[PDB]
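Here is the structure we will look at, set down as structure tokens.
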Amino acid sequence: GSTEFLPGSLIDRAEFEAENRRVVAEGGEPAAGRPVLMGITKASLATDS
């Protein structure tokens, strides 16, 4: 919706919650998420650096 998140991506929980909370004001379209499980190789290849 208004969360500029590509559907089907993987997003860190803290950032997702922060963005949804910032968008709840002056808006009405929070994004929806579902918990996911990742391995120790694809979880360490998805780092920010």
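Every number here is computed from the coordinates shown, using simple stated rules; none is lab data. A quick note on method: Cβ atoms are made from the backbone with ideal geometry, for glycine too, and the neighbour counts reach across all protein chains shown.
Out of the chain, which trypsin sites (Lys or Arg not before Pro) are coil in DSSP terms and have no more than 13 other C-beta atoms within 10 Å?
In loop regions of the chain (DSSP not H, G, I, E or B), the sparsely surrounded trypsin sites (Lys or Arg not before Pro) are 42.
Which of the three applies to the chain, rounded, prolate or oblate, going by the alpha-carbon gyration tensor with a ≥ b ≥ c and a/c under 1.5 meaning rounded?
Since a/c reaches 1.5 and a/b is larger than b/c, the shape of the chain is classed as prolate.
I'd like the Karplus ³J(HN,Hα) series for the stretch 5-10: coefficients 6.51, -1.76, 1.60, θ = phi - 60°, whole numbers in Hz, and an x wherever there's a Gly or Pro.
Listing the rounded values in order: 9, 5, x, x, 6, 10 Hz.
What list do you get for 47, 3 if you sort them by fewest beta carbons within 10 Å?
Fewest to most other Cβ atoms nearby, the residues stand as 47, 3.
222 nm [θ] for the chain, helices only, -39500 (n - 2.57) per DSSP H run of 4+, per residue, to 500?
One gets -7500 deg cm²/dmol as the mean residue ellipticity at 222 nm.
Which value in nm describes the separation of the simple spin-label points at residue 18 and residue 37, placed 7 Å from the Cα toward the beta carbon?
Output for this residue pair reads 2.9 nm.
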